[PDB]
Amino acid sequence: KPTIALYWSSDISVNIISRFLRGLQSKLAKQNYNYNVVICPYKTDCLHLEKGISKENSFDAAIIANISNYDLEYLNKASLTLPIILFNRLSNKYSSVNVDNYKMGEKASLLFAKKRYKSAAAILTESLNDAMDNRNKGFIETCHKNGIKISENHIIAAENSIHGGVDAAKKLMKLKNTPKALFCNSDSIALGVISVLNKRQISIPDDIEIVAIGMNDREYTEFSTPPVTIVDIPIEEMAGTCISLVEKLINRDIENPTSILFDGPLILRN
């Protein structure tokens, strides 16, 4: 059987890997396991050292979950011997499966605009790539267009974890004036935030309404107390589509770059 490698950068939140695995298991089961899949953890910026993408030891295909700028420059100049799919990176050289990042931020903003909120805060974990920046830009720019103020000091850096969300909410709570809308650019951050808001008896959505970008398993925010509205990155379906592209590339039906663009759905909770 041919083998497809999922290269998994160490900078990625490890919990996200479950959706990729779920999506891959599910896609292969529907295709009677005509491919082996292998997951290859590698250290940030070290993709170029991986032998499974070399002339000599190559897998049949690879999907790169979160390619760094450094690694991408290496791929951009390399002439490699196997089809490579970039996940959420547009390329005019390599095929890719992406989500419309700017529009995801935009949907979060328009939900607030539609409810006539007059300002918002944002708790943001650092962007690991351009896609993440674009989600933020989509939110921020859309807020400006729709009369929602986002004061620069109401953007609060956080670590991408539930504990990071807890730390961020404690700072949010120190603000003299905290807005009534809150964007979190990860669901883990949002779960930590709600931990603190619940302890302090701040009402959701009445005192604060949250929208988060869905990165981890949808069920955590479906059944949290309270449920959290998300704009979801459809990782399971995207991962399945990566295999489709791989198969069509190996069979030479399609050519590079083929670029599939997913819609990241707004999933209303409440």
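So that there is no doubt, residue numbering starts at 1 and follows the sequence shown.
Judged by mean Cα B factor in the deposited record, 132-140 ranks above the other of 185-193 and 132-140. Mean CA temperature factor is higher for 22-30 when stretches 22-30 and 39-47 are set side by side in the entry. Among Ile150, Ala168, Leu124, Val97, the highest C-alpha B-factor in the deposited entry belongs to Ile150.
Per the deposited coordinates, the residue with the largest Cα temperature factor out of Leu86, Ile162, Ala113, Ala158 is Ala113. Ranked by C-alpha B-factor against the other modelled residues of its chain, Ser224 falls in the lowest third. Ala239: CA B factor lies in the lowest third for its chain, per the PDB record. Placement of the Cα temperature factor of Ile208 within the chain: highest third of the modelled residues, per the deposited record. Residue-level temperature factors show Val231 in the lowest third of its chain, judged at the C-alpha atom.
Among the modelled residues of the chain, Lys103 sits in the lowest third by CA temperature factor in this PDB entry.
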